[PDB]
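Undergrad: So the sequence lines, in the order shown, correspond to chains D, A, B and C. So in PDB author numbering, the last spot in the first sequence is 412, and the numbers never skip. So in PDB author numbering, the last spot in the second sequence is 412, and the numbers never skip. So in PDB author numbering, the last spot in the third sequence is 412, and the numbers never skip. So in PDB author numbering, the last spot in the fourth sequence is 412, and the numbers never skip. From the three backbone atoms N, C-alpha and C, an ideal C-beta is built for every residue, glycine too.
Number of protein chains: 4
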Amino acid sequence: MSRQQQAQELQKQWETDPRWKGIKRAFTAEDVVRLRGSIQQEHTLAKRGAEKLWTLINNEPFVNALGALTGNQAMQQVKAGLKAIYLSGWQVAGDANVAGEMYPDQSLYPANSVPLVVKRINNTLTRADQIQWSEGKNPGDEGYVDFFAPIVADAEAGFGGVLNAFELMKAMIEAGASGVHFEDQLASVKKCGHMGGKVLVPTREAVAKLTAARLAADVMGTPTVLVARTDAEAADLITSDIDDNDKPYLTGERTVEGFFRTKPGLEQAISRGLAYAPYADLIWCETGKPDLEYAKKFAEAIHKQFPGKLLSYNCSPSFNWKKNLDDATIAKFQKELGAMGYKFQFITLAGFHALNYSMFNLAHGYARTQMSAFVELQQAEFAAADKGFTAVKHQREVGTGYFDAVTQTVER
Amino acid sequence: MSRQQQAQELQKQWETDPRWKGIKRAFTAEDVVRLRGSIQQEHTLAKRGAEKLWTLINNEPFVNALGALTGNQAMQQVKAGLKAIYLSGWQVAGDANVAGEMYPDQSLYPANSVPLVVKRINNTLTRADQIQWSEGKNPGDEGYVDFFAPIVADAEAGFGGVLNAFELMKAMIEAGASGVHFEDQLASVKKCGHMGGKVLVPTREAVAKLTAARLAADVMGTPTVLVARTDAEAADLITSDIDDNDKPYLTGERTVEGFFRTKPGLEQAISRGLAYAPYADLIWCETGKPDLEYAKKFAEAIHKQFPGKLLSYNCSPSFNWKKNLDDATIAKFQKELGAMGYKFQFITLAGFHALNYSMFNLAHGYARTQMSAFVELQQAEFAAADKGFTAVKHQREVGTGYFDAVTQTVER
Amino acid sequence: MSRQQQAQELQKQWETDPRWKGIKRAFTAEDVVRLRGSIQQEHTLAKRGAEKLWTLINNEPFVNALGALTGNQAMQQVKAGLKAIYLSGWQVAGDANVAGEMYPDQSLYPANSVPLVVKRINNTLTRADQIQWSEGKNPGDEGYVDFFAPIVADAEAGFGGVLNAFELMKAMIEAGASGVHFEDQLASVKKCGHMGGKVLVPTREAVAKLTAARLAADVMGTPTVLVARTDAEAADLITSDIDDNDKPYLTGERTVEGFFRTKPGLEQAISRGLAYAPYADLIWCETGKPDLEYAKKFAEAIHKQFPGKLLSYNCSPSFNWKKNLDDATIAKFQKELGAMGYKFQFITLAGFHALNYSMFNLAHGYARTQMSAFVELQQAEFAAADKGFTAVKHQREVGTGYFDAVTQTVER
Amino acid sequence: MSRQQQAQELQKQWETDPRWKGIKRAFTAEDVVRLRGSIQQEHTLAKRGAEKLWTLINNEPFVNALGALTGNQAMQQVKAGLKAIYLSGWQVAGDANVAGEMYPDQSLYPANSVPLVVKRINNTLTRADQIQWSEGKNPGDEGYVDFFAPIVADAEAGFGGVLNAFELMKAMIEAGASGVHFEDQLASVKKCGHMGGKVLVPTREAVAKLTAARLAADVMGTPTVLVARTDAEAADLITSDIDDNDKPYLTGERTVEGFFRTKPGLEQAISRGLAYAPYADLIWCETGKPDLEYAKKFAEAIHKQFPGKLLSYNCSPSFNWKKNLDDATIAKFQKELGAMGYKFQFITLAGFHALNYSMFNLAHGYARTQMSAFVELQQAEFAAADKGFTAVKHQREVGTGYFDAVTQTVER
């Protein structure tokens with residue numbers, strides 16, 4: 001099997017497979033072959049998960065996710081009934097990076113931190129499937145869970161340049177991620193104080209990253225779902241003015257550092273979304289205030305040029321939903337976005353809030369009433385059994401039963 | 001300072017200090033010095049934490065803790081009012097070891113895992129303290145939180161022989177642990193089957209580990225709180241017969257693997273309690289079935305031979321508390337154990353149940369009712385604000401405001 | 001594919017494939033399937049490398065390796081024309097474990113350490129291949145190097161029980177190891193003083209680890225080459241007397257610890273070799289003194305019972321070869337052992353001695369004659385270019401050209 | 001001690017101590033205290049190492065170091081008589097990063113990789129001092145080695161913006177680094193093609209990083225030696241024209257990326273050297289061609305405005321020293337440079353060349369002569385025993401002696 005033969009084979013697949021419908025690549029298949037090496041190592045979960053995610057995203061009304069920061073959190077989301085897992089960069093920074101430090105969301109943690117948390121979840125999901133399968137329960141049977149839910153992972157802005165982006169994608173696929181998202185800001189050069197806020201890079205550079213992320217997915221031989229995030233809705237600063245796509249938004253003012261001020265909002269958002277559309281699989285306008293009217297406008301704006309383009313949407317945990325929206329709007333919210341084209345929706349900091357509220361809640365009681373506090377939680381756990389909560393049986397949950405099986409198999 | 005002069009001053013320490021009242025070392029100060037190396041690196045956190053944990057242990061009616069598996073979990077425990085943090089090896093095995101796999105409690109994960117998580121908690125707590133200080137709150141002010149609560153870490157049975165034990169203790173101290181506990185089983189050779197279970201090591205070997213654990217502490221130069229765990233209440237197997245301390249409890253029988261069956265119960269527990277009492281600072285009989293009668297008997301038995309000697313108790317999270325107790329005994333459970341001398345008490349798997357319930361409860365709602373399940377959580381958070389819950393202000397919690405102060409100091 | 005069908009294909013394979021000729025599994029194909037899980041994840045390197053390693057040790061006169069502790073060491077070994085890579089646990093303990101400590105050889109480092117290094121080597125070997133390929137060179141072309149040389153890994157005594165070994169084997173395979181060895185001592189309890197040395201475990205427990213290793217290899221779905229090591233030649237202690245295979249060698253004495261003293265040498269080693277042979281692909285009797293006489297007796301001892309059994313041999317880096325053997329004996333030593341059936345041979349600590357001598361030497365002259373000492377080293381490197389040494393082009397070697405390719409493919 | 005008193009004591013230290021003569025701090029003692037937290041944690045090794053390095057640098061004719069990528073290498077460097085250790089980022093990228101990947105030099109590895117290696121080297125040295133001390137040797141015996149040589153570590157360009165540099169400097173300090181350098185390029189955005197090369201950042205930004213670095217040293221409470229590197233001799237691109245200091249060098253041309261082409265050489269190097277001098281302890285103009293002539297002009301240009309400013313020089317390992325310089329020039333090179341003010345000098349990739357050549361040379365021979373090749377190395381190792389090479393007694397070298405002493409201390 002020659003280089004030429006591998007390239008034609010690859011090229012036909014981009015042309016034929018409807019997975020790649022309307023997806024531009026600023027590189028040839030001959031390029032992908034040159035950068036493969038001679039042998040291709042298989043990445044099962046990255047491949048199966050990406051295909052599963054693609055299917056779910058295209059057939060289902062929508063898919064909703066919560067941010068997970070541990071394997072257990074992700075597991076309980078699959079057991080609760082969810083179909084995909086979201087890995088927040090913010091959560092990892094905050095409470096689960098390889099540096100073991102607590103950080104804000106400014107790309108401070110080491111570049112391998114999220115891929116290691118992707119592997120954590122997949123290793124936990126792999127264990128649960130093993131526990132299930134070890135107890136005789138086959139696919140088809142009543143109660144059977146597919147524990148290999150697709151993971152979608154935060155890749156920040158690549159942790160530097162195109163090569164960092166390229167390597168970050170690879171780390172993700174190796175760790176078993178089904179989807180990855182690259183944003184178009186520099187959170188490492190955020191201007192502080194009044195007149196500050198987020199800082200964007202040129203469309204030129206955001207595109208070069210996505211090109212890098214797709215090159216990396218191809219070289220790895222996985223059809224990973226690529227998500228393009230834009231921060232243009234609120235980002236009113238840009239590092240440079242060279243890209244003609246961005247000049248229309250310049251207010252003409254500069255800052256001490258040399259950034260150009262820009263006019264934020266929907267129009268800036270749209271020009272990014274449109275520029276990223278040919279290269280990404282989903283587009284995502286990062287929002288702080290959840291608003292269906294805004295969402296409809298953005299959706300329509302993108303759909304004018306790319307009809308039926310899959311979108312994604314993050315529901316802010318910071319926003320006060322009861323104060324600003326009535327129960328009917330809150331209750332219908334995700335369904336309405338689903339109609340619009342927002343096929344992937346998620347709460348980024350779900351796990352943070354859950355973890356942090358649970359423990360504070362228990363502890364405050366514990367400090368006051370001691371063991372009675374714990375029983376409140378325990379009874380709550382028993383009440384949850386009905387709905388599918390097996391973790392009360394703590395030993396079986398971590399895989400005690402499975403490893404006994406292993407020891408019994410060897411000692412016999 | 002010469003080796004003689006350093007050895008004198010260390011012995012003088014062991015004879016002088018009331019911290020070392022009642023405690024036996026099977027080695028000389030000359031030995032500690034011969035193994036220190038020429039210079040003694042300082043471990044701020046380990047030292048101050050042991051000292052704070054000691055005073056607490058000896059003055060408060062008692063000290064109660066809950067298992068934490070992330071910095072966030074610990075951090076809330078301090079904000080909740082708790083004065084100490086417990087670090088389960090079960091929970092790390094289950095969801096926070098550096099291998100990133102889900103294991104059962106059998107020392108399967110890599111030996112540096114718990115110390116890694118000790119270091120996390122202390123990194124987070126250090127960040128909690130920096131935020132508070134950078135906001136201009138001084139100690140003595142209202143609402144000021146001492147974030148540096150001492151950590152009591154689980155060292156299993158040292159992960160091998162005496163050297164593994166020795167090296168693990170150094171890892172714990174370097175991370176900044178304030179207490180470490182060692183147990184007298186081999187979970188690595190737990191027997192499966194009807195005639196199986198936990199398996200003890202000779203008193204001789206358990207004491208061997210305790211010596212190594214304390215020698216570790218002295219070489220690091222920290223008065224670390226050492227805790228000895230016997231599993232001799234339920235464990236009915238032992239690997240060997242050599243120790244005369246253990247022969248009285250044998251039943252003459254031998255298993256296939258060459259272990260010796262023993263008669264489990266309070267008396268076996270007791271002999272191990274008495275054996276370890278000269279070497280460890282607190283003695284802990286691990287129990288599966290919480291019982292005030294049992295507790296009081298084991299309290300009186302040890303106190304007859306070592307009066308005043310501190311103790312600790314694990315309040316099993318798997319046991320059905322209401323099923324087997326009335327609210328009044330439950331509500332006065334820890335209270336009572338204090339009086340008996342159980343100055344350190346904890347729920348090993350508190351963090352597991354806290355983490356795993358919340359995410360499930362949330363996801364199950366989120367699955368069926370989307371955003372309104374998150375709203376239910378968000379409203380609970382707002383209620384907890386009065387009681388000290390600051391996590392709602394998520395940006396400030398993770399250090400955003402602290403790191404903004406770092407950026408403003410540089411760029412001005 | 002149903003469970004019974006899967007077990008059918010697997011069982012038949014063990015009977016049909018000459019790879020498994022002479023090999024006994026103390027467990028069924030149904031057990032393997034039961035413990036796999038629902039999906040099998042692929043491990044390309046582990047598989048291809050295990051298939052390649054097997055081909056070499058059966059078809060070549062003998063395969064020889066040197067111990068490597070970084071990826072560069074390994075990368076060079078392959079460019080020098082060696083066909084296999086050895087990964088010492090001693091070298092890892094000493095200079096390349098994840099604890100970052102300098103340690104002696106008593107299984108003191110974290111259990112995940114050697115896999116981390118096996119993975120590092122493969123990452124490097126993957127990069128040498130990507131470079132070669134990216135430059136246009138194809139297989140068959142003059143000069144083309146096969147950079148995927150298989151790695152045989154030190155798993156010590158498995159760091160505990162059968163689960164610990166199971167898991168380490170899985171880490172070895174996941175990291176891309178092609179061979180793994182397990183020794184029958186318990187280094188963790190090495191007796192000190194005159195009346196001491198290595199302690200053996202019962203033949204029963206050794207075989208239990210070997211079966212554990214095989215089970216894992218089957219559960220991962222890789223035909224990994226399993227090497228059983230005996231320390232019975234020197235070891236004159238044993239932990240327990242239950243196994244009838246060991247009783248013939250007991251003296252009847254017992255140490256303070258409870259160990260039983262035994263009669264070391266060729267007879268004890270053979271009883272172990274013979275006991276392990278059914279379970280392992282290679283048998284290894286560890287020696288301190290190299291001796292062709294001893295080798296032949298052991299080879300013939302094994303071969304009477306197991307004709308043509310593949311054996312492996314360690315050539316001590318500490319033995320004074322020139323003082324005790326003449327040059328012609330030294331020159332033929334590995335060829336001679338090959339004909340006896342030692343098909344895999346290595347020098348455990350070749351990298352330790354390479355690395356430490358080369359730096360000391362450089363540093364010693366540099367401290368006295370500064371840049372003149374480095375020019376000596378640089379001039380040696382120039383002479384090596386004739387012989388295949390490419391690392392003078394230091395940029396290309398680490399992949400500067402490859403990543404400039406990736407930069408160029410994304411940009412323009 | 002109130003905040004006011006702390007600030008005053010710290011301010012007095014800056015105005016009083018000669019260590020800080022001619023060092024500008026773009027911030028106040030009040031600021032350092034605000035960001036300290038409520039309790040400073042001690043970092044013995046970083047503090048003592050910094051002070052030691054400061055004395056050596058101000059008193060020796062010069063100090064010279066080689067690049068070390070393992071603890072063993074630094075250990076041999078100290079045994080051979082070198083007075084400090086250098087830690088190359090290039091080397092860590094290529095063979096020692098925590099990602100486990102072979103990388104070129106463009107800040108691809110995870111940001112914590114170099115601190116981890118600084119921590120490894122310190123652990124090895126710490127162990128060496130333990131072995132020595134446990135053998136009875138005291139300071140001021142004939143041959144007593146001070147194994148705690150200072151480490152000067154590569155921080156590249158801080159892996160992002162001011163806060164990334166801040167955090168990296170803190171990681172260095174915690175690992176026990178004595179010196180740290182930061183360069184003024186964005187390696188992560190290297191221009192490819194014939195019209196490309198390295199890319200400088202604005203003077204203004206390089207100083208912000210240096211300011212950040214110093215703020216970190218002060219917050220950590222150690223007098224860490226801060227080196228400022230400039231790539232302005234060969235770099236002919238810059239990200240922006242915002243800085244008046246840089247404008248003079250612009251050729252008015254621009255690239256597709258929107259970078260500004262500059263005029264490289266001594267003049268642009270001087271403007272950076274002068275710009276950084278007030279914030280750095282040493283100044284380093286990185287050069288590709290070792291030229292004494294150049295080194296002189298540069299030294300003079302700097303000392304014109306900052307008399308007696310300590311400089312540092314990297315001695316290129318790629319340069320063909322013999323083809324270009326006669327042996328007497330090669331011999332006088334580090335002495336001559338020292339006489340100009342270059343008080344820290346180092347060969348960056350010494351470790352890479354020593355490790356790769358040695359293993360290639362051993363392995364090439366081993367492929368063709370087997371053991372006779374290893375015996376050449378072993379004989380070579382015996383000859384260096386005269387000179388201080390202790391590694392042939394290999395069990396002692398890695399601490400078998402020390403840990404035996406510990407086991408015997410425990411078992412007695």
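(1) If we define contact as Cβ-Cβ less than 7 Å, is residue 409 of chain A a contact residue for chain C?
(2) Under the DSSP definition of a beta bridge, which residues are partnered with residue 285 of chain B?
(3) Note down, in chain order, each residue of its chain lying with its Cβ closer than 8 Å to the Cβ of residue 395 of chain A, except the 5 sequence neighbours on either side.
(4) In three-state terms, what does DSSP make of residue 58 of chain D?
(5) Does the CB of residue 213 of chain D have a neighbour CB from chain C at under 7 Å?
(6) If you measure between the beta carbons of residue 85 of chain B and residue 151 of chain B, is that distance less than 7 Å?
(7) Assuming residue 239 of chain A contacts residue 177 of chain A (C-beta within less than 8 Å), just tell me the rounded distance between them.
(8) Roughly how many whole angstroms lie between the Cα atoms of residue 376 of chain D and residue 78 of chain A?
(9) Tell whether a beta-carbon distance below 7 Å holds between residue 158 of chain B and residue 182 of chain B.
(10) Take residue 216 of chain D as the anchor and find which of D/349, D/169, D/333 has the nearest alpha-carbon.
(11) Under the DSSP definition of a beta bridge, which residues are partnered with residue 185 of chain D?
(12) What residues of chain C sit near residue 381 of chain B, judged by a beta carbon separation below 8 Å?
(13) Please go through the same chain and pick out, in chain order, the residues whose beta-carbon is closer than 6 Å to the beta-carbon of residue 278 of chain A, but skip the five residues on each side of it.
(14) Buried or exposed: residue 194 of chain D, going by 16 or more other Cβ atoms within 10 Å of its Cβ?
(15) Nearest to residue 348 of chain C by alpha carbon, out of C/134, C/154, C/83?
(16) What does the alpha-carbon distance come out to for the pair residue 331 of chain A and residue 325 of chain A?
(17) If you compare alpha carbons, which of A/353, A/397, A/125 is closest to residue 390 of chain D?
(18) What in chain B is Cβ-close to residue 371 of chain C, meaning under 7 Å?
(19) Residue 99 of chain A touches chain B at which residues, Cβ-Cβ below 7 Å?
(20) So, does the region 333-352 of chain B touch the region 296-314 of chain B, judging by three or more C-beta pairs under 8 Å?
(21) Taking the runs of the alpha helix (DSSP H) that are 4 residues or longer, which of them lie wholly in the region 273-328 of chain A?
(22) Taking residue 253 of chain B as the reference, give the member of B/262, B/196, B/246 with the closest Cα.
(23) DSSP beta-bridge partners for residue 344 of chain B?
(24) Are the C-beta atoms of residue 258 of chain A and some chain B residue less than 7 Å apart?
(25) Taking 7 Å as the CB-CB limit, is residue 27 of chain B close to chain D?
(26) Threshold first: 4 residues or longer. Then list the alpha helix (DSSP H) segments lying entirely within the region 355-388 of chain A, N to C.
(27) Tell me which same chain residues have a C-beta within less than 8 Å of the C-beta of residue 95 of chain C, skipping the five on either side of it?
(28) Measuring alpha carbon to alpha carbon, tell me which of D/128, D/35, D/106 ends up nearest residue 37 of chain B.
(29) Sorry if obvious, but does the Cβ on residue 402 of chain A come closer than 6 Å to a heavy atom of the ligand MG?
TA: Straight from the coordinates:
(1) By this cut-off, residue 409 of chain A is an interface position.
(2) In the DSSP output, where bridge partners are listed per residue, residue 285 of chain B has B/230.
(3) 401
(4) DSSP, read as helix, strand or coil, puts residue 58 of chain D in helix.
(5) Answer no: the Cβ-Cβ gap between residue 213 of chain D and chain C never drops below 7 Å.
(6) yes
(7) That belief does not hold up - the Cβ atoms of residue 239 of chain A and residue 177 of chain A are roughly 28 Å apart, past 8 Å.
(8) Spanning the two alpha carbons is a distance of roughly 20 Å.
(9) Residue 158 of chain B is a Cβ neighbour of residue 182 of chain B, given a cutoff of 7 Å.
(10) D/169
(11) For residue 185 of chain D, which the question treats as bridged, DSSP gives the partners D/200.
(12) In chain order: 353, 357.
(13) 24
(14) exposed
(15) C/154
(16) 10 Å
(17) A/353
(18) Here the neighbours are 315, 321, 330, 333, 334.
(19) 112
(20) yes
(21) 292-305, 321-324
(22) B/262
(23) B/63, B/312
(24) yes
(25) yes
(26) Segments of the alpha helix (DSSP H) lying fully in the region 355-388 of chain A: 371-384.
(27) 69, 102, 352, 355
(28) D/128
(29) Because no ligand of any kind appears in the structure shown, any question about the ligand MG cannot be addressed here.
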